[PDB]
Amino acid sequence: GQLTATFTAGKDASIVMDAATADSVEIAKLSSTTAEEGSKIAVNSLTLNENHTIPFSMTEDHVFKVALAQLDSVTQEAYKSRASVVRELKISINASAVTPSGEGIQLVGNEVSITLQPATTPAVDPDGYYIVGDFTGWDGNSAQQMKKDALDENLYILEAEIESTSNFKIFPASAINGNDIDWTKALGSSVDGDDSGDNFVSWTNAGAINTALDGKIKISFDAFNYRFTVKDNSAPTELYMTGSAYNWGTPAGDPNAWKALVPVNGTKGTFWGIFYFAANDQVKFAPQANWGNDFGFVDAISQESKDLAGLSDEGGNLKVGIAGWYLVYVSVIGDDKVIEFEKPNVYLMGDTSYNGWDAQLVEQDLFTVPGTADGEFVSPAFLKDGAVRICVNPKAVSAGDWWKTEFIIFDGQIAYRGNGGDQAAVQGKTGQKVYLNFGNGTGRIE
């Protein structure tokens, strides 16, 4: 008994905001229906790209109108971007026919498409961007320059540490001449004192953005999408893992219940360890050897990791599915967490290794991996007398920075470099090799 409707794209199908003259646009039209003559049309929902609504009106001829400014707003939200790029909008109208008794009968109709291009954004300032706010002092001399990210050239960053929350604005370099700031040239938020921490940048009578946080923060500015975030930039200085295999952390402080990870050198909130996991072991991590601000399964885990180790979520615990030795890599800055499981590749480096310093992190310099939960990684026998160096190298760390995660043996213990400088040299002789028990924390050269 089912009714159909046919919609078509309205006459304003290709909107260029720079050029747009009207304050309302026609975006769609009901062209025909199999509903009887005399029926009224009611609109149960009008959505854009599936989950966005917008105020709308419908004319006597069943043309659907919206305010251009709100269509433009909704388009920029949908795409999280003010970029001046042609954006597709898919319009879904769910309508009903209404009889003289008031009964609504559902129309099954199609979707239609239009596009809209947001207005031209400011030019990128060749000399970059500055932050000025309560925390700096509102003047040219106090303005702090944002760092242009090496990987993404649209992205500018400032890390700061502040005593209380702060209002601030972003200025292009050309707005600032000596101590003088041209206030008319601010970039900021739509609302003065916006405390969302994550919103659009405005270039038109911009208000001040509020940090919403204090302490260590990071202010990010995307000068292509024109968006900003302000994020908690503090990080744990230590990190510990407990587990089903460790009595779930009882008692507190016990090196028996809590395993320290090793800080990555000079690298905020990032840690690593080499650990044995059985199948179905569950673990969680904490910033001390005890429960509190602990975490387990999180969202930023590689598909790689998940495949390599068979990882899954088990009531918020992290569950390891495939037994084995793994290099565990963990990063925590403010709220953002990353956990990676990787091959436990330990490498001989330097003078006692293959072609010396000249081939680094190569297959020959790889330590054999034990099958047991208490065996020993063993290096390739030394090719020469020289100083022994040993490392891992996580994906996230460049090969040049192998020394950020290096260690050695002193007095039959594994001594991690961690955040410290070069370790005291330890000599080996030709045909010797290293033995590591990561379960014990002990080792030998022999």
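Numbering starts at 1 and runs along the sequence shown.
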Exercise. Do the C-alpha atoms of 126-134 or of 315-323 have the higher average B factor in the entry?
Worked result: 315-323
Exercise. Out of 98-106 and 147-155, which stretch has the higher average CA B-factor listed in the record?
Worked result: 147-155
For this session: Identify, among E77, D198, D358, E111, the residue whose C-alpha carries the highest B-factor in the deposited PDB entry.
Result: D358
Seminar exercise, completed: When the entry's CA B-factors for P172, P287, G371, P263 are compared, the highest one belongs to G371
For this session: Please rank the C-alpha B-factors of the chain's modelled residues and tell me whether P394 sits in the lowest, middle or highest third.
Result: middle
For this session: Comparing against every modelled residue in the chain, figure out the third that the C-alpha B-factor of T34 lands in (lowest, middle or highest).
Result: middle
For this session: For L383, return the chain-relative third of its C-alpha B-factor as stated in the PDB record: lowest, middle or highest.
Result: highest
For this session: Grab the CA temperature factor for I181 from the record and place it in the lowest, middle or highest third of its chain.
Result: lowest
Exercise. Lowest, middle or highest third: where is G193 by C-alpha B factor in its chain?
Worked result: middle
